[PDB]
Amino acid sequence: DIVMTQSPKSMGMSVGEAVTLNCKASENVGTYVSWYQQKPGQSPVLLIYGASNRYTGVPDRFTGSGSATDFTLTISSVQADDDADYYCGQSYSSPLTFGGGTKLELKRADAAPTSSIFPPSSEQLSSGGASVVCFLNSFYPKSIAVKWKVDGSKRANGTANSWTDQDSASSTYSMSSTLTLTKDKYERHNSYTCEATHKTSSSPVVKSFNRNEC
Amino acid sequence: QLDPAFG
Amino acid sequence: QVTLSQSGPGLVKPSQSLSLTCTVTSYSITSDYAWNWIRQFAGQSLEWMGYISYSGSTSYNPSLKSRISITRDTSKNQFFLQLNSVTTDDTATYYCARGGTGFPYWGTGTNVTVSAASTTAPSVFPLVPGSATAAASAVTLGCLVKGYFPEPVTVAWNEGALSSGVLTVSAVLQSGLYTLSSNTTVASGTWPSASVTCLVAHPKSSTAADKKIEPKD
């Protein structure tokens with residue numbers, strides 16, 4: 001059918017600044033282009049239809065322009081609130097198509113994180129498993145490296161790391177580093193350290209506990 | 001008032 | 001106003017065919033509009049699957065013209081979607097929407113995983129501090145959920161009562177099963193006393209677990 005291309009695959013701005021998205025059609029779609037916003041774990045929401053019709057209860061910071069093949073979506077002033085994916089679609093021809101989408105990420109002032117360490121739950125140890133989880137909360141930017149120490153020695157095996165979906169209020173991130181061992185394993189070492197680097201920190205942020213210490 | 005693509 | 005609910009198996013084996021039901025509230029599917037089925041793949045790309053018009057007409061995406069079938073039930077006010085011979089690649093989130101001025105109305109979506117895998121419930125363990133860490137006015141508790149296999153899982157605190165400072169963490173695969181963890185931050189007054197619990201729900205295994213976070217001793 002008709003391909004709708006969305007140029008900037010990704011993007012990040014600050015609060016107050018304008019943003020301009022672009023949507024192109026391989027061929028004429030008159031003015032039947034619609035724009036949607038899709039926040040984390042939510043379904044698509046119609047923002048503009050008819051290429052330039054702000055939809056019901058959609059704030060004025062959102063406007064749209066364009067016609068037959070070349071379309072744009074403008075957000076007067078960005079708000080931390082607007083964090084989301086934006087897609088475009090054409091409802092002019094037989095098989096309705098959508099652009100690949102453009103993610104919008106808010107930008108804020110640097111934010112050093114707060115780390116929390118969690119020993120394995122005695123309940124888990126029952127099953128011959130031990131999970132030591134390190135939690136770095138509310139920081140910016142997303143970049144952050146976590147190193148795991150076991151008695152002072154690096155441990156690059158058995159660790160899964162994961163991030164959240166940027167806050168809709170303060171735009172900070174939050175991730176967790178999960179070290180998983182076996183009860184025997186976990187039991188043959190006394191000290192467990194969570195070490196992490198970030199740009200807000202000149203030196204390494206360090207958390208740690210001792211297994212002997214109940 | 002439906003878009004052309006809808007029949 | 002207009003509302004739509006999708007419902008269907010959240011797991012199906014390859015070769016098998018899936019059927020989803022879209023129940024529409026506060027509107028007649030015979031009155032006007034196009035009743036659509038759309039899907040968002042893992043990469044978040046969307047694909048219009050087809051629709052049925054208020055008068056029995058159907059239109060399909062030519063790329064699935066021979067695997068799809070959209071019919072309706074006027075007396076019950078619902079339209080279905082049957083997709084035959086599903087393959088791993090049909091794993092996606094299926095939505096139903098009302099077509100008109102674009103798609104101004106979407107259901108909340110229902111996840112569908114096409115796999116011949118063994119469904120497994122999620123083990124849940126408490127994330128309680130190491131005592132020493134006494135940040136006073138602010139403390140953080142967690143809930144580690146691992147070893148589960150389709151995908152959803154719903155994590156909540158105090159049945160939604162406590163929903164501020166909640167920082168959940170996206171799912172990941174390990175060998176062939178999912179893991180995740182939720183983290184809540186609460187005031188020191190509140191948490192040795194009042195009890196916080198993480199409600200874990202895993203749809204297809206039909207398990208709604210409840211974990212109580214209790215002090216270190």
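In what follows, chains are A, B, ... by sequence order, proteins preceding strands, each numbered from 1.
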Ionic contact status for C:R67 with C:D90, cut-off 4.0 Å: yes

dist A:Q42:CD -> A:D85:CG (nearest 0.5 Å) comes out at 11.5 Å

- Side chains of A:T72 and A:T20: is there a donor and an acceptor less than 3.5 Å apart? no

Rounded to the nearest 0.5 angstrom, the CG-CG distance for A:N22 and A:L73 is 10.5 Å

query = Is a side-chain N or O of B:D3 found less than 3.5 angstrom from the main chain of B:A5, in a donor-acceptor match?
reply = no

*Is it true that atom OH of A:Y32 has more than 12 heavy atoms of other residues, nucleotides or ligands lying nearer than 6.0 Å?*
no

Do side-chain atoms of A:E27 reach the backbone of A:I2 as a donor and acceptor pair under 3.5 angstrom?
no

Correct closest heavy-atom pair for A:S34 and C:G102 would be OG-CA, 3.9 Å

Here the gap from C:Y60 atom OH to C:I70 atom CD1, rounded to the nearest 0.5 Å, amounts to 5.5 Å

Indicate yes or no: at least one non-hydrogen side-chain atom of C:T88 is less than 4.5 angstrom from one of C:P14. no

**Asked** Can you check side chain to side chain donor-acceptor pair (under 3.5 Å) on C:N183 and C:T140, steps first, answer last?
**Response** CA-CA 7 Å; C:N183 282 72; C:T140 301; over 6 Å; no

Donor-acceptor contact present, side-chain C:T93 to main-chain C:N111, <3.5 Å: no

Worked verdict on C:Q1 versus C:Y105 for side chain to side chain donor-acceptor pair (under 3.5 Å)
CA-CA 10 Å; C:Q1 61 185 300; C:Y105 289 115; 2.6 Å; yes

Testing the 3.5 Å rule here: is there a donor-acceptor pair between the side chains of A:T97 and A:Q90? yes

Between C:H202 and the options C:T120, C:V124, C:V153, C:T154, the side chain to side chain contact (heavy atoms under 4.5 Å, CB included) test singles out C:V153

Taken to the nearest 0.5 Å, the spacing of C:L167 CG from A:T172 OG1 works out to 7.0 Å

With a 4.5 Å heavy-atom cut-off, do C:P62 and A:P95 have their side chains touching?
yes

Minimal heavy-atom distance between A:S138 and A:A111, with the atoms involved, is O-CB, 4.3 Å

query: When you measure from the centre of the six-membered ring of A:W163, is the NZ or CZ of A:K142 under 6.0 Å away and within 45° of the axis?
result: yes

(Q) Using a 6.0 Å cut-off, check whether atom NZ of A:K147 has over 12 heavy atoms from anything other than its own residue. (A) no

Q: Compute whether any side-chain donor of one residue and acceptor of the other, for A:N161 and A:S177, lie under 3.5 angstrom apart.
A: yes

Show, in sequence, the C-alpha distance, side-chain angles and deciding distance for A:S176 and A:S162, and conclude whether the side chain to side chain donor-acceptor pair (under 3.5 Å) test is met. CA-CA 6 Å; A:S176 59; A:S162 207; 6.0 Å; no

Using residues 74-83 of chain C as the side-chain source, report each donor-acceptor pair under 3.5 Å to any protein atom, sequence neighbours left out, with the distance given to one decimal.
from, atom 1, to, atom 2, distance (Å)
C:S75, OG, C:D73, OD1, 2.9
C:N77, OD1, C:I29, N, 3.0
C:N77, ND2, C:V24, O, 2.8
C:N77, ND2, C:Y27, O, 2.6
C:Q78, NE2, C:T23, OG1, 2.9

Legend entry - Side-chain touch A:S168/A:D83, heavy atoms, less than 4.5 angstrom: no

Note to self: Distance alone, cut at 3.5 Å: any donor-acceptor contact between the side chains of A:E17 and A:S77?
What the structure shows: no

Closest heavy-atom pair, A:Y192 versus A:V132, reported as atoms and distance to 0.1 Å, is CD2-CG2, 4.5 Å

Within the 4.5 Å heavy-atom criterion, are A:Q166 and A:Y140 side-chain neighbours or not? yes

Smallest heavy-atom separation, C:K204 atom then C:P9 atom, equals CE-C, 4.3 Å

Interatomic distance, OG1@C:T30 vs OH@C:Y33, rounded to 0.5 Å, equals 13.5 Å

Next item on the list: Test A:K39 against A:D82 for salt bridge (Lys or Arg N to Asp or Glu O under 4.0 Å), laying out the working first.
Entry: CA-CA 8 Å; A:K39 298 173 187 166; A:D82 302 303; over 6 Å; no

Fill in: Derivation and outcome, side chain to side chain contact (heavy atoms under 4.5 Å, CB included), residues A:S10 and A:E105
CA-CA 8 Å; A:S10 195; A:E105 294 158 297; 3.2 Å; yes

For A:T69 and A:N28, the nearest pair of non-hydrogen atoms, with its separation, is OG1-N, 3.9 Å

The reported gap from CG in C:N36 to CD1 in C:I52 (rounded to nearest 0.5 angstrom) is 10.5 Å

Hey, do the aromatic rings of C:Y54 and B:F6 have their centres closer than 6.0 Å?
no

Please answer whether the main-chain N or O of A:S67 pairs with a side-chain N or O of A:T31 as donor and acceptor at a distance below 3.5 Å. no

The side chain to side chain donor-acceptor pair (under 3.5 Å) partner of A:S174 among A:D167, A:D165, A:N137, A:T114 is A:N137

*asked:* C:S182 vs C:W157, test: side chain to side chain donor-acceptor pair (under 3.5 Å). Steps then yes/no.
replied: CA-CA 9 Å; C:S182 194; C:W157 293 85; 3.2 Å; yes

Is the side chain of C:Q44 donor-acceptor paired with the backbone N or O of C:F41 at a distance under 3.5 Å, no angle test? yes

- Does any non-hydrogen side-chain atom of A:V19 lie less than 4.5 Å from one of A:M13? yes

For B:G7 and C:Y51 the tightest heavy-atom approach is N-OH, 3.2 Å

So, the side chain of C:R39 versus the backbone of C:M49: is there a donor-acceptor pair under 3.5 Å, distance only?
no

Would you kindly say whether A:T159 and A:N157 are connected by a side-chain donor-acceptor distance under 3.5 Å? no

I'd like to know if the side chain of C:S26 reaches the main chain of C:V2, judged simply by a donor and an acceptor atom lying under 3.5 Å from each other, with no hydrogens or angles considered. yes

Taking NZ, NE, NH1 and NH2 as the nitrogens, is one of them in A:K199 or A:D110 under 4.0 Å from a carboxylate oxygen of the other? yes

### Message
Between C:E151 and C:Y178, do the side chains contain a donor N or O and an acceptor N or O under 3.5 Å apart?
### Response
no

Would you say A:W148 and A:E195 make side-chain contact, with heavy atoms under 4.5 Å?
no

*In terms of side-chain heavy atoms, does C:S205 have a donor or acceptor partner in C:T207 at a distance below 3.5 Å?*
yes

Okay, side chain of A:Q6, backbone of A:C88: is any donor-acceptor separation there less than 3.5 Å? yes

### Task
Could you tell me whether the side chain of A:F98 reaches within less than 4.5 Å of the side chain of C:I38, counting heavy atoms only?
yes

Given side chains that start at C-beta, do those of A:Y87 and A:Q38 come closer than 4.5 Å, heavy atoms only?
yes

Tell me whether A:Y92 at atom OH has more than 12 heavy atoms from other residues, nucleotides or ligands lying less than 6.0 Å away. no

Notebook entry, point to check: So, the side chain of C:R98 versus the backbone of C:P104: is there a donor-acceptor pair under 3.5 Å, distance only?
Noted result: no

- prompt: Does C:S28 use its side chain to pair, donor to acceptor, with the backbone of C:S31 at less than 3.5 Å?
  reply: no

- Indicate, with yes or no, if the rings of C:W106 and A:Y36 have centres closer together than 6.0 Å. yes

